[PDB]
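The block underneath contains the structure these notes are about, expressed in structure tokens.
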Amino acid sequence: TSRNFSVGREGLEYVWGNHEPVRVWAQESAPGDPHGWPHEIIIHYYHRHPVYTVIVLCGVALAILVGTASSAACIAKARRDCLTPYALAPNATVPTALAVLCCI
Amino acid sequence: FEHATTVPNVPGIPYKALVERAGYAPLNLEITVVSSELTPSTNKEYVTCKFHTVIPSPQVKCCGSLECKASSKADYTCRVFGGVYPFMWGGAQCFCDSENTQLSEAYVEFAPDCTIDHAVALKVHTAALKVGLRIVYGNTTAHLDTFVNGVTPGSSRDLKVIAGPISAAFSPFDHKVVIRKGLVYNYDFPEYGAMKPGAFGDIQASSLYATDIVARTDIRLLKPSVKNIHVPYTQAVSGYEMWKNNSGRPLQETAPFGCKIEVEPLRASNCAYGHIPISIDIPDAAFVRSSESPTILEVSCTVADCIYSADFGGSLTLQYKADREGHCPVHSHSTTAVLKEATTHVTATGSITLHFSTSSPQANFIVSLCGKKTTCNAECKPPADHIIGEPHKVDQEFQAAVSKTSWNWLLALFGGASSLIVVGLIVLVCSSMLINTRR
């Protein structure tokens, strides 16, 4: 027959028949390069620490998204409250220098 | 003088530390846990084995009655029957037709072969730890044993080693343990004096040769039916045999941390867990004045290639220049890279190759050759062998466990995500004060 045993970094010891015990420790030979392109980085570190990689990736994605949204909201608010006070006020002309610096 | 260190409790992997004093050449320090023992204080409760019932010859009276007496033998049972009229080879043995009274006895005793096949019940207190080190300093080697308590000065000759308290208190034995033919089982045996028939400890005594055996095996005596003399009886199954059949697996194969259970006295050997805060008092004789030791004018390190494997899967070399010759110590000032050599000869100009090991994908540690710290950096690839037969020599870190490129990617992403918000903030505030000053 054949048996599959999972051995971690701490080690595994098995005794077969009347033989002396032997010990084996697992190395971090995950597939993919931990030193190359980002997708290889991701797959290697996933195969090493799956939950940690998923957590850090969700964290970085949330960090970029929430904060791109913040910058967009800030610039939009600045745009509106900058063109409202007198530029939106009618019967008036707004100079090009003070218009196109943030217009469009 | 005094050095405080924290060596991991792994039996066999060396530990390298560098100790130095002003005006004195640095000295290599090597600590090894050669062997460890975990001896708990034990108290013997009783001794049990497979009982052997003894049925004495019946006593009968032709025309009369008998009264059951009290005896000190284990599980003594007595019964009296009213009419028997017994027979043997030769015919009837009494003249009364119905006034024949028969008395039956049955007690238990240790089987003759119990001197070899017998179990011992034990109670174990707090476990104590004792280790044997192989401290190496200078060009000398010392061996010594000490107790890991924080107060015992276990010293070979003048080492004055004080091993502090263990980081975590762990003991593979529960409160109650059972020993049988060198195999140690974690069992909850019944307390002395309270024996349940058909289970472990149905018969117990303070010693195999004690005369005060006590037992409770649920002996039942029955009314004789056949004509010839007989003592019918029924009894529970031997609880010792039942426990032997349902033993389970021993501590030699259940205990964690790779402990090796052994007996006489009961103990656990070569367990791997926690850390030991040692403290060494090195005699001043070993230390050598800095003026005598050769000095390095310059040193540059270059590393060939590296894999963060458990073994010494790494290489390193360095150029050096010195005004003298002698022996100098080499040390790696990092917690994720350990050298193999402790000292190495030096001859003016030349180059020395040193092997190391690491568990990080960056050989970005500091190497000193009797001083003169130097910076190495390499491109550590992962190893190819999935499985190795040697424990890891360095605990995995985190801050160093991540590659430089991945660190750069995450840093750049977070930096942009933190920069766009602040630039939006500042433009917002400048426009807001502009608008406030508008009117």
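Using alpha-carbon pairs under 8 Å, 6+ residues apart, how would you state the relative contact order of chain B in percent?
Reported as a whole number, the value is 16 percent.
With a 10 Å Cβ neighbour count serving as the proxy for reagent exposure, in which order, fewest first, do A:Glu10, B:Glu264 appear?
Least crowded to most crowded, the residues run B:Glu264, A:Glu10.
How many Cβ atoms of partner chains, on average, are near each residue of B:255-267 if near means within 10 Å of its Cβ?
Whole-number average of other-chain Cβ neighbours for B:255-267 is 1.
Report the dimensions of chain B along its three principal axes from the alpha-carbon atoms, largest first, rounded to Å.
Projected onto its principal axes, the Cα set of chain B covers 128, 79, 42 Å.
Could you state the number of Å between the C-alpha centres of segment B:71-149 and segment B:1-31?
After rounding, the separation between the Cα centres reads 54 Å.
How much net charge surrounds B:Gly83 when only the other residues with a Cβ under 9 Å from the Cβ of B:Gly83 are counted, with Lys and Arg +1 and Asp and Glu -1?
-2
When only Cα pairs under 8 Å and 6 or more residues apart are kept, what is the percent relative contact order across segment B:1-151?
Over segment B:1-151, the number comes to 30 percent.
Determine the dipole magnitude for the protein assembly as shown: charges of +1 sit on the beta-carbon of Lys and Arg, -1 on that of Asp and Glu, nothing else is charged, the reference point is the Cα centre, and the result goes in debye to the nearest 20.
The dipole of the protein assembly as shown has a size of about 1420 debye.
How far is helix B:404-438 tilted off the main Cα axis of chain B, in degrees rounded to 10, range 0 to 90?
That works out to roughly 60 degrees.
Quick check for segment B:1-150: number of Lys pairs with alpha-carbon distance under 24 Å, counting only pairs 8 or more apart or on different chains?
The number of close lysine pairs in segment B:1-150 is 8.
Gap in Å between the Cα centre of segment A:65-104 and the Cα centre of segment B:219-238?
Centre-to-centre distance over Cα atoms comes out at 108 Å.
Under a Cβ-Cβ cut-off of 10 Å, what is the net charge of the residues other than B:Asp117 that fall near it, where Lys and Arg count +1 and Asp and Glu count -1?
+3
Within 10 Å of each Cβ in B:427-435, how many Cβ atoms from other chains are there, averaged over the peptide?
4
Show me the ranking of peptides A:63-71, A:90-98 by mean Cβ neighbours inside 10 Å, starting with the highest.
Taking the mean over residues of other Cβ atoms within 10 Å, the ranking is A:63-71, A:90-98.
May I ask for the angle, rounded to the nearest 10°, between helix A:38-48 and the longest principal axis of chain A, with both axes built from Cα atoms and the value confined to 0 to 90°?
That works out to roughly 40 degrees.
I'd like the distance between the alpha-carbon centres of segment B:155-192 and segment B:306-379, rounded to an integer number of Å.
Here the answer is 40 Å between Cα centres.
Exposed loop sites here are GluC sites (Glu not before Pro) in DSSP loop states with at most 11 other C-beta atoms within 10 Å. What is the longest stretch of chain B lacking them?
B:68-291
Can you put B:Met242, B:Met88, B:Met195 in order of Cβ neighbours within 10 angstrom, beginning with the fewest?
Least to most surrounded, the residues fall as B:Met88, B:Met242, B:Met195.
What does the charge dipole of segment B:150-270 about its Cα centre add up to, to the nearest 20 debye, if the Cβ of each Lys and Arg holds +1 and the Cβ of each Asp and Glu holds -1?
For segment B:150-270, the charge dipole is close to 280 debye.
Arrange the following residues from fewest to most other Cβ atoms within 10 Å of their Cβ: B:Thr358, B:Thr6, B:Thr101.
Listed from fewest to most nearby Cβ atoms, that is B:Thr6, B:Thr101, B:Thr358.
For chain B, what is the mean residue ellipticity at 222 nm derived from helices alone (per DSSP H run of n ≥ 4: -39500 (n - 2.57); sum divided by total residues; nearest 500 deg cm²/dmol)?
Per the formula, -3500 deg cm²/dmol.
What average number of partner chain Cβ atoms lie no more than 10 Å from the Cβ of the residues making up A:72-82?
For this peptide, the per-residue mean of nearby foreign Cβ atoms is 4.
Output ³J(HN,Hα) for segment A:59-74: one whole-Hz value per residue in order, computed from phi by the Karplus curve 6.51 cos²θ - 1.76 cosθ + 1.60 with θ = phi - 60°, and x for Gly and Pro.
x, 5, 5, 4, 5, 5, 5, 7, x, 5, 4, 5, 4, 4, 4, 4
Below 14 angstrom from the Cβ of A:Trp25, what's the summed charge of the other residues (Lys, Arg +1; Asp, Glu -1)?
-4
Can you pull the Kirkwood radius for segment B:286-439, inverse mean 1/r over Cα pairs, to one decimal in Å?
18.9 Å
Here the Cβ is made from the backbone with ideal geometry for all residues, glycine too, and neighbour counts use every protein chain on show. Just so you know, all these numbers are worked out from the coordinates, no wet-lab data involved.
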